[PDB]
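In structure tokens, one chain follows: the form deposited in one PDB entry.
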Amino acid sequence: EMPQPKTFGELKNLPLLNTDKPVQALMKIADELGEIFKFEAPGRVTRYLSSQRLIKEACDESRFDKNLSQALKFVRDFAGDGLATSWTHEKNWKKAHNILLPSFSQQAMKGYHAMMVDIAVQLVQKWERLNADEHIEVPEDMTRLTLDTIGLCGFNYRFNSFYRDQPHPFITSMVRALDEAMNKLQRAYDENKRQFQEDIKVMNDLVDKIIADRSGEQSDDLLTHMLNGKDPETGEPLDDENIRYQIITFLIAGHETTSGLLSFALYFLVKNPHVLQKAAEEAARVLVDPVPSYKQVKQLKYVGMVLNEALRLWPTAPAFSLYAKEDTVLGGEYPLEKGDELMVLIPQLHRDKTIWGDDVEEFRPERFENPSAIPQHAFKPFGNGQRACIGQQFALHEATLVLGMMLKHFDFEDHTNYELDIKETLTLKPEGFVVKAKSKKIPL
């Protein structure tokens, strides 16, 4: 008999998710109930996994495949059959996967590096231009950077977020749409539908317009590869409708999780001054030029360790879903039937004391001193297998470049003694996180 949290009569466990912080509530349930517990809703059953012992079996692609959770099903209403919201057996997943994978390689980052520096310089210039006693709204500025970076590197579109306060009309529709998708998980609603469809049209209208605009001009961006790339398997290119879904997918997935990572990384740095000093030291020693090169970013070994430890404690895409391909027994004790669903609670996996030791809550980038020392399937901030994050190298290159430049150019002060408050949408971010930056007066 599998552990299961408290129930609400006919609603079963569903009201447990009627909260602003469902991931963190699920983590507390995992602390109480252990490596696996069942979660029941009206017409829905799933099992949350928290231990490396069970998650390593769940990551066996011969036994389990990616499932679309209820959140992803609602995102699919505007993300379509993009890479993140399509089933593995759908023709358009493997097609887009083969077409888009060469545009996301570590090798392909060399072409994106210049445009990444463009936005990163804007962030540094904004902070250099602050007056005395002014402070920085960290997740707000990190979102300005990651959104503009994926806009420029992806489709040569400048959201110009550092010129605004009210964000782009596309971005306003996106957050409202994602909010509606989250609310339907916790959920008079006739107005919500009119709002939801208006936000979908706004995203579709801008995207489909840029697709038609892109003339025949060639750029160093994702749009070029999508318009001209052919799947080696089927020999087919993506049609314009799926291209639009990929644009929406990459605009969503390409910015918010990365901004959360940078925000959490800076949080842990100002809360652990010895780690900050080590990271600032490497940045000063490695970033010897006014503009960082691609090779210099790859040299920021310790900064990359800081980001991985931030991804360990607070993975900004905190869960993914799987389904059993056939009848199977997980870990030798809980039999599963074909189609049974599993949820991987990534933050709990990253706190497995049998893997990481007893000090799992401490921020120690030195855990990632040797990448090979980490056991298999113990660290999964970017998902698993062929359905893993295609943009992993993009996010980590952008985050290493930006965090390196931040540490090179400024000293940071946790002037409010900020108390960590993690806002949950479908991703995680430290709400209200603010710092002061004292410029080191190093020119660009």
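Sequential numbering from 1, following the sequence displayed. Under this definition, the rigid core comprises the largest set of C-alpha atoms superposing within 1.5 Å between the forms.
Below, we turn to the form deposited in another entry, even though it does not appear here.
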Core-superposed comparison between this form and the one not shown - Cα displaced by 2 angstroms or more, from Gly331, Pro273, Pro169, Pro237: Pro169
Core-aligned C-alpha movement of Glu341 between this form and the one not shown, 2 Å or more: no
After fitting the core, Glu282 CA displacement of 2 Å or more between this form and the one not shown: no
Core superposition between this form and the one not shown, C-alpha change of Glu90 at least 2 Å: no
